[PDB]
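Only one structure is covered here, and it is reproduced in the block below.
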Amino acid sequence: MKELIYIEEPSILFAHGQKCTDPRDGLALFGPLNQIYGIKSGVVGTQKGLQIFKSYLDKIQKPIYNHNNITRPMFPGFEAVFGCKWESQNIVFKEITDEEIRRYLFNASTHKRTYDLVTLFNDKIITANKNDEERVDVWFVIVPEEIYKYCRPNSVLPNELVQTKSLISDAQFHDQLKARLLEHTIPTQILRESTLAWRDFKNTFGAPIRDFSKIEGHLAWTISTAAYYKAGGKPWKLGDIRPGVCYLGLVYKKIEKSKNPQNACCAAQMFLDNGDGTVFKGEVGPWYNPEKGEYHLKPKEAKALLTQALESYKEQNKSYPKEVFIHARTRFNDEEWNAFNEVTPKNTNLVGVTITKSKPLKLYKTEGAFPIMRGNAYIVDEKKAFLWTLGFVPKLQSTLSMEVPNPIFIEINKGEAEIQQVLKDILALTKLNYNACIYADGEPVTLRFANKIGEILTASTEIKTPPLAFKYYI
Amino acid sequence: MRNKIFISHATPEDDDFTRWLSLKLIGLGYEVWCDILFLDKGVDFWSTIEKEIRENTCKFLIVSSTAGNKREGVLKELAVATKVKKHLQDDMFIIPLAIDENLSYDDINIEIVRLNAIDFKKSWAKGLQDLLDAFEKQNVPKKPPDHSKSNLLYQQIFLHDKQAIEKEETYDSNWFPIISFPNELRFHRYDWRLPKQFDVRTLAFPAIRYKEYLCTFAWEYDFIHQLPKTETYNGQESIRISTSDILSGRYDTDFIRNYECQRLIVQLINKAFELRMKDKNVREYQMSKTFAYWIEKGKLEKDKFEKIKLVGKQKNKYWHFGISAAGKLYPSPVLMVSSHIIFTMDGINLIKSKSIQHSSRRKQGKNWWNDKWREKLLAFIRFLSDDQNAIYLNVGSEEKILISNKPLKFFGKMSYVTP
DNA sequence: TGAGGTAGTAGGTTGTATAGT
DNA sequence: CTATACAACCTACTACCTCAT
Ligand SMILES: [Mg+2]
């Protein structure tokens, strides 16, 4: 009978340096970490897109309840929640028209149809941002359904809608839109006409196609908390994080396009205590491995990344961090790490940590309907442990993984550290996701966003973008 | 002297607001008396409200919800402020907190219908400002705010009922450890007897081709019916590698490393499993990665095992609990079992299209809760077992792999009261 | 919340080495 | 060059997990 230690749940700290466990409650109770002058919201949507968005801004001022407000906290309303106004009176609109939508949308190719509406929005956004004397804190892209429906690979507009035959015989619109807008940094928050106005989108039966009555309070929390983060201030910070750590999350994406199938973009995302995050964009190499089904780096690029992270940290924090954890889902080749070692200052401790959600040690509580509460961990080796970032959470009285939860193996592949701090720091790092405001995420924010980030690297590759904060990459 | 801000509220209808107002207020400096903070146990408990309303309550806040006006307890709570409204002889002693978008005048109690509207309807924040700004206009007492107080309460009171508690609880794994491994692992320079082009997975034993040598836990003698003219191999000739060494890593051969060896056992273990289910009473669901095994309808009496219900019905489709075997060497070699829900319209004929299955599985899954998922799986392992302590996986006639039916148990102090 | 998309993981299908003409 | 004896992909298929949230 092995024994499970327990990791006390990390506390994220909100206004007045008062800390608790649920951002939803932490913000609702005290508000954001840095209260901000009111958000000025630009809209890049159909004249309808404005009314819906306006429906939301107006809607969220008032409280909005979830189905059960223990499992999902209610949303007091934006002003009560964030102590500032995200006013619908104050919108700064750049219109798009069906004529624009129809004209661009219809092209036979998905890609020529995608890449150009993407181009359309940016000029509309870019023109507003660069040109405006008037300033908008966030640009919200209100995507008519007609865009969402058809701007993805594998979605086939009938041959009976296409005005022009394809000129010749990536493609996800929103990510691209973030990617193109990447070189000039602007915060893009993308919304779907359907989500904002979901009861105004009935199906043939006349019931709404997607019905959110259960989680409507929740949506606002996710949107605002993200909207809040883009507009300036972070909602919250990790409460008791020992000074001077660096969490670095290694992100790659395979570039399918290259004839040689090793062409995968590379990144590292730097998190300290806030999760505002900094995304260090690495340039494109032969990272993917055919034999190994793995991602990896040559030292010379690898040295630039750690350094790019270390130096920016220093420009940021006036010293080199005394502890650096590099997380990734893969083991580290000794040569790859040794590249990392060499760049690193002498007394800084560099830890590589492989967080792999392989399907192991599904643990079933003996008694009761509910599963093992989250924070239980089993420690395999001084090096290797299993962490439950998912599982029943009593503040919620709900389980976080809605099935029996799957713990994540954590191994300090390279470097030496106390596994107990590792589990701790990772349990902490699930608390930092500004964009999806939940009690905690399954994955630490280091590697949580890689799959989304990965598209963004590749979708824009000409660019050599400076290291940037998350809101830009969100 | 009187400092308090008593909040009269309906529960649980205005609980979300009442809790928000008090905590926000308490944090702001105010002293708030609300039922929400306490856990009263006394006859006076009505009295406590009355004494507090009677004497120390500077302001009476009442939740102006439809429920609040029609509530017996609140209406009783209300009774005093009016009784005590005069004594104060302050007009603004009672404050309707109109939090409800939908109050007919008819609902509103007459006493407070008259009164001024503290509008939490349009926004909660404006209402707080309005409630507070009204507090400025009349000098309602305050302390410098310490939100520390605000969430000491929230953390201590509201969160009191459910939090991590030092409790003891054991959890059953889905890793059922292998018990016994064949004393040696041997490699046969099968050579001429060996044909590369043949497939051995109709060889009724775990066999895989590594290099030019032959790999398995079956002694060389084991394959006859399907491998002729191999009475020609010296007993001596094949390598005979200590298994009890390999897990250790005691065996590293520059020709082949333990990592290589460790990977190898696993196809066998899984294969060993795959065969045994060939003859262990369960029809197998095939997923591309590996097979899933679900007992057919009626195999177990009334479709239940050991009191567990491993076959059932959903809609027009029967569901059949099924399982898979991952075998993993490390940290401790074990059989890993992931659980499945197969689907049949009729008791033994499998459903054609996954999409119906994927829908079935998600729809069916919602019913089973941690308690249910564990019992069915353990029983299913319990079901397979060919003996009291373990399952039997047959590599070879004299060589067998034994895996405990009951998975590893982890005991942790620290758990939560079941709601 | 849930209809989606992702991420494991095997493999059989497949594209490269070897080898003999 | 062209047989194949193999290597290393690529592909369903499924359990999770996310978002144009
Ligand atoms: Mg988002």
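Chain labels A, B, ... are given in the sequence in which chains occur in the structure tokens; within each chain residues are numbered consecutively from 1, and ligands are likewise numbered from 1 in the order shown.
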
Residues within 9 Å of residue 97 of chain B, please, as a compact mmCIF listing (two decimals) with C-alpha atoms, in the first residue's frame. Count only C-alpha atoms (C1' of nucleotides); anything in the same chain fewer than 6 positions from it doesn't count.
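To be explicit, this is the file written out as result12.txt:
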# COMPACT_ATOMS: atom_id res chain seq x y z
CA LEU B 61 -30.63 46.40 5.22
CA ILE B 62 -33.30 44.17 3.73
CA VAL B 63 -32.90 42.23 0.49
CA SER B 64 -35.74 43.53 -1.69
CA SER B 65 -36.29 40.36 -3.67
CA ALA B 117 -34.68 52.51 -4.01
CA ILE B 118 -31.19 51.22 -3.54
CA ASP B 119 -30.70 49.91 -7.00
CA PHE B 120 -28.67 46.82 -7.27
CA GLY B 127 -25.69 49.78 -5.83
CA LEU B 131 -25.57 52.18 -0.60

Residues flagged strand (DSSP E) by DSSP in segment 125-332 of chain B, as a PyMOL selection string:
chain B and resi 165-172+175-180+184-188+208-210+213-216+239-242+283-286+291-294+311-314+317-328

I'd like a table as a Markdown table: residues in chain B with an atom no more than 9 Å from chain A, each row giving the shortest atom pair and its distance in Å to one decimal, only C-alpha atoms counted, sorted by chain and rising residue number.
| residue | atom | partner | partner_atom | distance |
| --- | --- | --- | --- | --- |
| B:16 | CA | A:74 | CA | 7.8 |
| B:17 | CA | A:76 | CA | 8.3 |
| B:20 | CA | A:29 | CA | 7.5 |
| B:23 | CA | A:29 | CA | 7.2 |
| B:24 | CA | A:29 | CA | 6.5 |
| B:27 | CA | A:30 | CA | 8.4 |
| B:120 | CA | A:62 | CA | 8.5 |
| B:121 | CA | A:62 | CA | 7.1 |
| B:122 | CA | A:62 | CA | 6.0 |
| B:123 | CA | A:62 | CA | 4.7 |
| B:124 | CA | A:80 | CA | 5.8 |
| B:125 | CA | A:80 | CA | 4.3 |
| B:126 | CA | A:80 | CA | 8.0 |
| B:128 | CA | A:80 | CA | 8.3 |
| B:146 | CA | A:16 | CA | 9.0 |
| B:147 | CA | A:30 | CA | 7.4 |
| B:148 | CA | A:18 | CA | 6.6 |
| B:150 | CA | A:29 | CA | 7.9 |
| B:151 | CA | A:29 | CA | 7.6 |
| B:154 | CA | A:29 | CA | 8.8 |
| B:155 | CA | A:20 | CA | 7.8 |
| B:159 | CA | A:395 | CA | 6.6 |
| B:161 | CA | A:394 | CA | 8.8 |
| B:162 | CA | A:394 | CA | 5.2 |
| B:163 | CA | A:394 | CA | 5.0 |
| B:164 | CA | A:394 | CA | 6.7 |
| B:169 | CA | A:365 | CA | 7.4 |
| B:170 | CA | A:366 | CA | 6.0 |
| B:171 | CA | A:365 | CA | 4.2 |
| B:172 | CA | A:364 | CA | 5.2 |
| B:173 | CA | A:363 | CA | 4.7 |
| B:174 | CA | A:362 | CA | 5.9 |
| B:175 | CA | A:361 | CA | 6.3 |
| B:331 | CA | A:380 | CA | 7.1 |
| B:336 | CA | A:360 | CA | 7.5 |
| B:338 | CA | A:359 | CA | 8.3 |
| B:365 | CA | A:403 | CA | 8.0 |
| B:366 | CA | A:403 | CA | 8.3 |
| B:368 | CA | A:369 | CA | 8.5 |
| B:369 | CA | A:369 | CA | 5.2 |
| B:370 | CA | A:369 | CA | 4.9 |
| B:371 | CA | A:369 | CA | 4.6 |
| B:372 | CA | A:369 | CA | 7.3 |
| B:373 | CA | A:364 | CA | 7.8 |
| B:374 | CA | A:364 | CA | 5.8 |
| B:375 | CA | A:366 | CA | 8.7 |
| B:408 | CA | A:1 | CA | 6.4 |
| B:409 | CA | A:1 | CA | 5.0 |
| B:410 | CA | A:2 | CA | 4.8 |
| B:411 | CA | A:3 | CA | 4.9 |
| B:412 | CA | A:4 | CA | 4.8 |
| B:413 | CA | A:4 | CA | 7.7 |
| B:414 | CA | A:6 | CA | 7.1 |
| B:415 | CA | A:373 | CA | 6.5 |
| B:416 | CA | A:394 | CA | 6.7 |
| B:417 | CA | A:394 | CA | 8.4 |
| B:418 | CA | A:368 | CA | 6.8 |
| B:419 | CA | A:397 | CA | 7.3 |

Output file for the residues above (C-alpha atoms, as a PDB file, in the first residue's frame):
ATOM      1  CA  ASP B  16     -25.614  34.974  -3.688  1.00  0.00           C
ATOM      2  CA  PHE B  17     -26.238  38.683  -3.221  1.00  0.00           C
ATOM      3  CA  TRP B  20     -21.679  39.458  -1.778  1.00  0.00           C
ATOM      4  CA  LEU B  23     -18.469  40.486   2.550  1.00  0.00           C
ATOM      5  CA  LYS B  24     -17.977  43.504   0.358  1.00  0.00           C
ATOM      6  CA  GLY B  27     -14.278  44.395   3.954  1.00  0.00           C
ATOM      7  CA  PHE B 120     -28.668  46.818  -7.272  1.00  0.00           C
ATOM      8  CA  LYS B 121     -30.712  45.975 -10.344  1.00  0.00           C
ATOM      9  CA  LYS B 122     -28.777  47.950 -12.926  1.00  0.00           C
ATOM     10  CA  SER B 123     -25.363  46.975 -11.602  1.00  0.00           C
ATOM     11  CA  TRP B 124     -24.144  45.493  -8.358  1.00  0.00           C
ATOM     12  CA  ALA B 125     -21.333  48.023  -8.205  1.00  0.00           C
ATOM     13  CA  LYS B 126     -23.479  51.118  -8.548  1.00  0.00           C
ATOM     14  CA  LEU B 128     -22.725  49.389  -3.526  1.00  0.00           C
ATOM     15  CA  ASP B 146      -9.390  45.876   6.185  1.00  0.00           C
ATOM     16  CA  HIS B 147     -10.424  43.418   3.492  1.00  0.00           C
ATOM     17  CA  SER B 148      -8.382  41.016   5.585  1.00  0.00           C
ATOM     18  CA  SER B 150     -13.679  40.346   4.564  1.00  0.00           C
ATOM     19  CA  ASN B 151     -11.983  37.111   3.532  1.00  0.00           C
ATOM     20  CA  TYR B 154     -15.096  33.963   3.531  1.00  0.00           C
ATOM     21  CA  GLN B 155     -12.249  31.613   4.105  1.00  0.00           C
ATOM     22  CA  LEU B 159     -15.667  27.845   3.144  1.00  0.00           C
ATOM     23  CA  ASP B 161     -18.359  23.445   5.233  1.00  0.00           C
ATOM     24  CA  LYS B 162     -16.081  22.149   2.516  1.00  0.00           C
ATOM     25  CA  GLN B 163     -12.351  22.262   2.496  1.00  0.00           C
ATOM     26  CA  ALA B 164      -9.458  19.875   2.599  1.00  0.00           C
ATOM     27  CA  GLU B 169      -8.746   7.745   2.415  1.00  0.00           C
ATOM     28  CA  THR B 170      -7.439   4.931   0.292  1.00  0.00           C
ATOM     29  CA  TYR B 171      -7.595   4.854  -3.490  1.00  0.00           C
ATOM     30  CA  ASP B 172      -7.431   1.736  -5.726  1.00  0.00           C
ATOM     31  CA  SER B 173      -5.129   2.080  -8.767  1.00  0.00           C
ATOM     32  CA  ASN B 174      -5.778   0.731 -12.243  1.00  0.00           C
ATOM     33  CA  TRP B 175      -2.258  -0.597 -12.190  1.00  0.00           C
ATOM     34  CA  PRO B 331       8.122   2.104 -11.795  1.00  0.00           C
ATOM     35  CA  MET B 336      -2.496  -1.019 -16.526  1.00  0.00           C
ATOM     36  CA  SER B 338      -8.134   1.534 -18.813  1.00  0.00           C
ATOM     37  CA  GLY B 365     -20.388   7.997 -18.907  1.00  0.00           C
ATOM     38  CA  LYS B 366     -22.304  10.755 -17.174  1.00  0.00           C
ATOM     39  CA  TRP B 368     -21.051   6.555 -13.614  1.00  0.00           C
ATOM     40  CA  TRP B 369     -19.280   8.337 -10.788  1.00  0.00           C
ATOM     41  CA  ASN B 370     -16.011   7.637  -9.147  1.00  0.00           C
ATOM     42  CA  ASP B 371     -17.663   4.968  -7.093  1.00  0.00           C
ATOM     43  CA  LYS B 372     -19.147   3.265 -10.142  1.00  0.00           C
ATOM     44  CA  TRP B 373     -16.091   3.338 -12.345  1.00  0.00           C
ATOM     45  CA  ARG B 374     -13.940   1.639  -9.733  1.00  0.00           C
ATOM     46  CA  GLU B 375     -16.274  -1.150  -8.821  1.00  0.00           C
ATOM     47  CA  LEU B 408      -2.382  -1.159  -5.834  1.00  0.00           C
ATOM     48  CA  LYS B 409      -3.872   0.847  -3.058  1.00  0.00           C
ATOM     49  CA  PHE B 410      -2.669   4.288  -2.105  1.00  0.00           C
ATOM     50  CA  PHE B 411      -3.534   5.632   1.291  1.00  0.00           C
ATOM     51  CA  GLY B 412      -3.505   9.330   1.932  1.00  0.00           C
ATOM     52  CA  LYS B 413      -4.335  11.233   5.061  1.00  0.00           C
ATOM     53  CA  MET B 414      -6.150  14.343   3.727  1.00  0.00           C
ATOM     54  CA  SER B 415      -9.513  14.118   2.002  1.00  0.00           C
ATOM     55  CA  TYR B 416     -12.859  15.870   1.844  1.00  0.00           C
ATOM     56  CA  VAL B 417     -16.224  15.182   3.423  1.00  0.00           C
ATOM     57  CA  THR B 418     -18.578  13.790   0.818  1.00  0.00           C
ATOM     58  CA  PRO B 419     -21.309  16.316   0.070  1.00  0.00           C
TER      59      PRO B 419
END

Please, which residues have at least one atom within 8 Å of an atom of ligand 1, using only C-alpha atoms (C1' of nucleotides) and all ligand atoms, listed as a PyMOL selection string?
(chain A and resi 189-190+222-223+226+435-436+474) or (chain D and resi 19+21)

Let's have the selection written as a compact mmCIF listing (two decimals), in the first residue's frame, with N, CA and C atoms (P, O5', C5', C4', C3', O3' and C1' of nucleotides).
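again-v9.txt written:
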# COMPACT_ATOMS: atom_id res chain seq x y z
N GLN A 189 -9.00 40.08 -28.89
CA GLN A 189 -9.84 39.14 -28.19
C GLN A 189 -10.96 38.78 -29.09
N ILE A 190 -11.03 37.51 -29.42
CA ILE A 190 -11.89 37.07 -30.49
C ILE A 190 -13.11 36.42 -29.88
N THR A 222 -14.76 34.05 -17.88
CA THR A 222 -13.72 33.74 -18.84
C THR A 222 -13.43 34.88 -19.79
N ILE A 223 -14.47 35.50 -20.32
CA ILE A 223 -14.27 36.60 -21.23
C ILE A 223 -13.68 37.84 -20.60
N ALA A 226 -10.20 37.42 -19.29
CA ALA A 226 -9.30 37.56 -20.42
C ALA A 226 -9.28 38.99 -20.90
N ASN A 435 -6.52 33.88 -19.07
CA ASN A 435 -7.54 33.75 -20.09
C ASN A 435 -8.74 32.88 -19.77
N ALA A 436 -8.55 31.70 -19.21
CA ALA A 436 -9.67 30.88 -18.82
C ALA A 436 -9.70 30.97 -17.35
N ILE A 474 -2.38 35.35 -27.01
CA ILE A 474 -3.52 34.62 -26.46
C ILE A 474 -4.51 34.21 -27.53
P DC D 19 -7.23 25.90 -25.24
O5' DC D 19 -7.96 26.65 -26.44
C5' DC D 19 -8.89 27.71 -26.18
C4' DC D 19 -9.83 27.85 -27.36
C3' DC D 19 -10.89 28.95 -27.20
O3' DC D 19 -10.52 30.16 -27.87
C1' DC D 19 -11.95 26.89 -27.35
P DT D 21 -15.89 31.97 -28.75
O5' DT D 21 -15.39 32.01 -27.26
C5' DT D 21 -15.16 33.29 -26.64
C4' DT D 21 -14.61 33.14 -25.24
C3' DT D 21 -13.29 32.39 -25.14
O3' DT D 21 -12.48 32.92 -24.11
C1' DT D 21 -14.97 31.21 -23.97

Please report the interatomic distance between atom CA of residue 317 of chain B and atom CA of residue 357 of chain B in Å with one decimal.
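About the pair atom CA of residue 317 of chain B and atom CA of residue 357 of chain B: they are 9.8 Å apart.
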
For a quick test of understanding: name the residues of chain C lying within 9 Å of chain A when counting only C-alpha atoms (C1' of nucleotides), and present them as a list in words.
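Interface list for chain C against chain A: residues 1, 2, 6 and 8 of chain C.
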
I want to know what sits within 10 Å of segment 460-463 of chain A, based on only C-alpha atoms (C1' of nucleotides), with residues of the same chain fewer than 5 positions away left out; could you give that as a PyMOL selection string?
chain A and resi 170+175-183+265+281+283-284+455

Give me every alpha helix (DSSP H) residue in segment 78-185 of chain A, going by DSSP on the backbone, as an NGL selection string.
:A and (78-82 or 98-105 or 110-131 or 145-150 or 173-180)

Print the selection's residues with C-alpha atoms to a file, as a compact mmCIF listing (two decimals), in the first residue's frame.
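File written: result_9.txt
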# COMPACT_ATOMS: atom_id res chain seq x y z
CA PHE A 78 -18.05 43.59 -14.41
CA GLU A 79 -17.94 46.78 -12.40
CA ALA A 80 -18.42 44.97 -9.13
CA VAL A 81 -15.92 42.37 -10.16
CA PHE A 82 -13.07 44.45 -11.55
CA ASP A 98 -21.59 41.39 -45.65
CA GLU A 99 -20.51 42.87 -48.92
CA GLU A 100 -17.01 42.73 -47.54
CA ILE A 101 -17.76 39.39 -45.99
CA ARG A 102 -19.43 37.92 -49.02
CA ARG A 103 -16.86 39.25 -51.40
CA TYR A 104 -13.91 37.78 -49.55
CA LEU A 105 -15.58 34.80 -47.95
CA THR A 110 -10.56 27.84 -47.95
CA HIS A 111 -7.05 29.29 -47.59
CA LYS A 112 -7.50 32.16 -50.08
CA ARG A 113 -10.85 32.69 -48.36
CA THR A 114 -9.26 32.49 -44.91
CA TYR A 115 -6.03 34.47 -45.44
CA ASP A 116 -7.93 37.42 -46.90
CA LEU A 117 -10.75 37.96 -44.40
CA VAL A 118 -7.81 37.74 -41.96
CA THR A 119 -6.17 40.46 -44.01
CA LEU A 120 -9.46 42.30 -44.03
CA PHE A 121 -9.78 42.44 -40.26
CA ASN A 122 -6.24 43.52 -39.62
CA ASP A 123 -6.43 46.43 -42.00
CA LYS A 124 -9.66 47.28 -40.30
CA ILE A 125 -8.00 46.80 -36.92
CA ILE A 126 -4.62 48.02 -38.00
CA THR A 127 -6.02 51.10 -39.64
CA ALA A 128 -7.91 51.89 -36.49
CA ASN A 129 -5.00 51.24 -34.17
CA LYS A 130 -2.19 52.90 -36.07
CA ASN A 131 -4.29 55.71 -37.37
CA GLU A 145 -20.87 32.63 -37.58
CA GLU A 146 -20.46 32.61 -41.30
CA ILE A 147 -16.74 33.18 -40.75
CA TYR A 148 -16.28 30.55 -38.06
CA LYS A 149 -18.28 28.04 -40.03
CA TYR A 150 -16.05 28.11 -43.13
CA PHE A 173 -8.67 32.12 -39.08
CA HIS A 174 -8.51 33.35 -35.51
CA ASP A 175 -5.06 32.09 -34.76
CA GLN A 176 -3.86 33.55 -38.00
CA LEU A 177 -5.52 36.79 -37.10
CA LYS A 178 -3.52 36.88 -33.92
CA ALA A 179 -0.45 35.82 -35.85
CA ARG A 180 -0.60 38.51 -38.53

Might you pull out every residue within 12 Å of residue 195 of chain B, with only C-alpha atoms (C1' of nucleotides) counted and same-chain residues fewer than 6 positions away left off, and present them as a VMD selection string?
(chain B and resid 189 208 to 209 212 to 214 226 to 230) or (chain D and resid 5)

Output the contact residues of chain D with respect to chain A at a cut-off of 10 Å, based on only C-alpha atoms (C1' of nucleotides), as number ranges by chain.
D: 7-9, 15-21

Distance query segment 273-281 of chain B at most 7 Å, only C-alpha atoms (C1' of nucleotides), self and fewer than 2 positions along chain excluded, as a short mmCIF file (atom, residue, chain, number, x, y, z; two decimals) with N, CA and C atoms, in the first residue's frame:
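The file below, selection_7.cif, is the result:
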data_model
loop_
_atom_site.label_atom_id
_atom_site.label_comp_id
_atom_site.auth_asym_id
_atom_site.auth_seq_id
_atom_site.Cartn_x
_atom_site.Cartn_y
_atom_site.Cartn_z
N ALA B 204 -0.09 -18.47 -31.04
CA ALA B 204 -0.71 -18.91 -29.79
C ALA B 204 0.18 -18.73 -28.58
N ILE B 269 3.58 -9.10 -22.99
CA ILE B 269 2.65 -9.12 -21.89
C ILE B 269 1.30 -8.81 -22.47
N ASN B 270 1.27 -7.79 -23.31
CA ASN B 270 0.04 -7.39 -23.93
C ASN B 270 -0.47 -8.47 -24.85
N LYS B 271 0.44 -9.07 -25.60
CA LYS B 271 0.07 -10.17 -26.46
C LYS B 271 -0.41 -11.29 -25.58
N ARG B 283 -16.12 -11.14 -25.38
CA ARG B 283 -16.01 -10.64 -26.74
C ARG B 283 -15.24 -9.33 -26.72
N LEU B 384 -12.03 -11.76 -14.59
CA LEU B 384 -11.10 -12.51 -15.40
C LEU B 384 -10.36 -13.55 -14.61
N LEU B 393 -1.74 -15.35 -17.37
CA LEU B 393 -1.36 -14.98 -18.72
C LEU B 393 -0.36 -15.99 -19.22
N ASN B 394 -0.71 -16.67 -20.30
CA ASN B 394 0.06 -17.80 -20.78
C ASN B 394 1.00 -17.45 -21.91
#

Quick one: which residues from chain C are at most 8 Å off chain B, using only C-alpha atoms (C1' of nucleotides), as a list in words?
residues 9, 10 and 11 of chain C

Could you list, as JSON, numbers by chain, every residue of chain D that has an atom within 8 Å of an atom of chain B, counting only C-alpha atoms (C1' of nucleotides)?
{"D": [12, 13, 14]}

Take the residues just selected and output them with N, CA, C and O atoms (P, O5', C5', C4', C3', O3' and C1' of nucleotides) as a JSON list (two decimals), in the first residue's frame.
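Now in result_5.json:
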[["chain", "number", "residue", "atom", "x", "y", "z"],
["D", 12, "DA", "P", -6.27, 6.26, -41.52],
["D", 12, "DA", "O5'", -7.00, 7.43, -40.66],
["D", 12, "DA", "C5'", -8.23, 7.17, -39.96],
["D", 12, "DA", "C4'", -8.26, 5.75, -39.38],
["D", 12, "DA", "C3'", -9.38, 5.47, -38.43],
["D", 12, "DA", "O3'", -9.38, 4.10, -38.17],
["D", 12, "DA", "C1'", -7.41, 5.79, -37.20],
["D", 13, "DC", "P", -10.63, 3.46, -37.41],
["D", 13, "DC", "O5'", -9.98, 2.73, -36.12],
["D", 13, "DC", "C5'", -9.25, 3.50, -35.17],
["D", 13, "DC", "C4'", -9.95, 3.55, -33.82],
["D", 13, "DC", "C3'", -11.34, 4.18, -33.82],
["D", 13, "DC", "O3'", -12.16, 3.56, -32.77],
["D", 13, "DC", "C1'", -9.77, 5.61, -32.71],
["D", 14, "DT", "P", -12.99, 4.39, -31.66],
["D", 14, "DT", "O5'", -11.90, 4.81, -30.58],
["D", 14, "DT", "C5'", -11.35, 3.83, -29.73],
["D", 14, "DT", "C4'", -10.77, 4.47, -28.49],
["D", 14, "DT", "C3'", -11.79, 5.17, -27.59],
["D", 14, "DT", "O3'", -11.47, 5.00, -26.21],
["D", 14, "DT", "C1'", -10.19, 6.73, -28.36]]

With only C-alpha atoms (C1' of nucleotides) as the counted atoms, please give the residues lying no more than 10 Å from residue 406 of chain B, apart from itself and same-chain residues fewer than 4 positions off, as a list in words.
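What passes the distance filter is residues 172, 173, 174, 175, 176, 177, 377, 378, 379, 381, 382, 385, 389, 390 and 391 of chain B.
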
Generate the output file for the selected residues, N, CA, C and O atoms, as a short mmCIF file (atom, residue, chain, number, x, y, z; two decimals), in the first residue's frame.
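Heads up, here's the output in out05.cif:
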data_model
loop_
_atom_site.label_atom_id
_atom_site.label_comp_id
_atom_site.auth_asym_id
_atom_site.auth_seq_id
_atom_site.Cartn_x
_atom_site.Cartn_y
_atom_site.Cartn_z
N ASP B 172 -7.86 2.91 -4.96
CA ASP B 172 -7.43 1.74 -5.73
C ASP B 172 -6.94 2.17 -7.11
O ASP B 172 -7.67 2.85 -7.85
N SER B 173 -5.73 1.77 -7.48
CA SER B 173 -5.13 2.08 -8.77
C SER B 173 -5.82 1.34 -9.90
O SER B 173 -6.65 0.47 -9.68
N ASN B 174 -5.47 1.65 -11.15
CA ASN B 174 -5.78 0.73 -12.24
C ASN B 174 -4.52 0.03 -12.76
O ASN B 174 -4.50 -0.51 -13.87
N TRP B 175 -3.49 0.08 -11.92
CA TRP B 175 -2.26 -0.60 -12.19
C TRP B 175 -2.27 -1.84 -11.35
O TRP B 175 -2.04 -1.77 -10.15
N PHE B 176 -2.48 -2.99 -11.97
CA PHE B 176 -2.50 -4.22 -11.22
C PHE B 176 -1.20 -4.94 -11.43
O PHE B 176 -0.88 -5.37 -12.52
N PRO B 177 -0.42 -5.03 -10.27
CA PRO B 177 0.97 -5.38 -10.56
C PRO B 177 1.14 -6.80 -11.01
O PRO B 177 0.39 -7.65 -10.58
N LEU B 377 -14.58 -1.87 -12.80
CA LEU B 377 -13.27 -2.28 -13.26
C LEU B 377 -12.64 -3.36 -12.40
O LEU B 377 -12.13 -4.33 -12.91
N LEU B 378 -12.70 -3.19 -11.08
CA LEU B 378 -12.08 -4.14 -10.18
C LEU B 378 -12.76 -5.47 -10.30
O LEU B 378 -12.13 -6.51 -10.27
N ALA B 379 -14.07 -5.44 -10.42
CA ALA B 379 -14.81 -6.66 -10.60
C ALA B 379 -14.40 -7.29 -11.91
O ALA B 379 -14.25 -8.50 -12.00
N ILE B 381 -11.59 -7.15 -13.54
CA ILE B 381 -10.36 -7.84 -13.26
C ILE B 381 -10.66 -8.99 -12.34
O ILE B 381 -10.08 -10.06 -12.45
N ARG B 382 -11.58 -8.77 -11.41
CA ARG B 382 -11.99 -9.80 -10.50
C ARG B 382 -12.60 -10.88 -11.38
O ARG B 382 -12.38 -12.06 -11.16
N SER B 385 -10.09 -13.25 -13.35
CA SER B 385 -9.09 -13.98 -12.61
C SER B 385 -9.39 -15.46 -12.64
O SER B 385 -10.52 -15.88 -12.49
N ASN B 389 -5.90 -15.23 -6.06
CA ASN B 389 -5.07 -14.03 -6.00
C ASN B 389 -4.69 -13.33 -7.31
O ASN B 389 -4.22 -12.20 -7.27
N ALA B 390 -4.86 -13.98 -8.46
CA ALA B 390 -4.34 -13.41 -9.71
C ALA B 390 -4.95 -13.94 -11.00
O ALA B 390 -5.64 -14.93 -11.00
N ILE B 391 -4.70 -13.24 -12.09
CA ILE B 391 -5.03 -13.72 -13.43
C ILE B 391 -3.94 -14.63 -13.97
O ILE B 391 -2.82 -14.60 -13.48
#

Between atom CA of residue 7 of chain B and atom CA of residue 87 of chain B, measure the distance and give it in Å to one decimal.
18.9 Å
